[PDB]
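Only one chain is shown below, in structure tokens, and it's the form deposited in one PDB entry.
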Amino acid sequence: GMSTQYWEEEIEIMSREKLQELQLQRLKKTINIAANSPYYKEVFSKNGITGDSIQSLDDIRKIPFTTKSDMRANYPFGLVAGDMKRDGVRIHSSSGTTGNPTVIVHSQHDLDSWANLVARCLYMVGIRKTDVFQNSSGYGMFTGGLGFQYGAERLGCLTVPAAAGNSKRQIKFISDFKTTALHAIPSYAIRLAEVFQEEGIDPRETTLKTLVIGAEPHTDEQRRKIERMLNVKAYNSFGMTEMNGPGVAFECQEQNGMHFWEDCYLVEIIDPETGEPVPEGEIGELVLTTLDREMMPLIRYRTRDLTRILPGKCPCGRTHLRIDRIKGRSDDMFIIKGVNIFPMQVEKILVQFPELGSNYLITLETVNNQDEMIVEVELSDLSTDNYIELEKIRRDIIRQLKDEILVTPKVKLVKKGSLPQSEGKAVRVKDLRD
């Protein structure tokens, strides 16, 4: 607190009263912009939302929630409010070809606001322009790639856009370029420490000092295990494509709850049953409204993430609220290797193969500290194929699943009737991870 350094001091230690004043000003601006989108223009017309409906921050509960289903219904540009042809500079899309994915469109302002938030996060945990920042996140459509790339360049780091995979190349970059800061998912940070030992390098004696980990749920003990393996300080990083990507919520150097940047997001913790705010400090669904987005703002978006607001002031001096770890979700979505997957994406691929039966089972396991996804599917006794032909089909199933869910799964063709008789519900994901 007495010796804490801030990227934007005036905003990061802003009084709660002036912070709420800033939220209300940006909330009115966001509602007036979103009114230009075809989607929110209909929502505001149906629910009588005018430019005078929002007079306080509590007036936001007048607006209905925006769901993933509504965004799929208005795919691809139903929620675009700005001039996409003149001001639109980027699209970020979620995985899939069997269904309508999620699309977020950004203007140059939106990219700058997003890069500033990521720079604010990196600076908060002690990362400076003198640091060598390596990003092991996937690039392309994944917001983790370009998100940290623009943020680290904005801070002034010597960036190493390593991208995903190739552990031996990740270790080569750290050794040759003297990397000090690394962005990786918790499970891959353990893999890199393992590969360091395989190549005869002490993972505790590298140039690494700071680690940024997120994208998937992990315990505080898992993080402390990563800190001991690599002799580093690891910080929890939260974000999602709908909210830009990285830079949404981030731990401070106290490593106790993730500070949510309330100047760019309005945070609500909602009871998934009633749809009403939970008692202060209880676990509920995270519902978010963008406050600095102009091309495609999102109002009261149901993340389906479950968390709580941690009570008490933080010793770092920052007044922005802190959320607890995200330990689960209120929908059927699962995360493997940091990638979000829906079970229907797997089913929509399997049904295309007449050699397969309708009964399938997706099992998630931890092997050698790395996450593995196994897809068991029964064979239809209609299959008039031998071993060589069925094995060629199995490889095609792996290929079509890899293209759809963006992770390589293990496909096992099992005998008809071998898989256990389900309760008759769509619950077909058996997670066996700790």
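A residue's number is simply how far along the shown sequence it sits, counting from 1. Note that the rigid core is defined as the largest set of C-alphas that superpose within 1.5 Å between two forms.
The discussion below concerns the form deposited in another entry, not included here.
- The Cα shift for residue 169 between this form and the one not shown, taken after rigid core superposition, is smaller than 2 angstroms.
- A displacement of 2 angstroms or greater separates the C-alpha positions of residue 355 between this form and the one not shown, with the rigid core held in common.
- In the other form, the CA atoms of residue 337 and residue 254 move farther apart by at least 3 angstroms compared with the shown structure.
- A shift of at least 3 angstroms pushes the Cα atoms of residue 204 and residue 366 further from each other in the other form than in the displayed structure.
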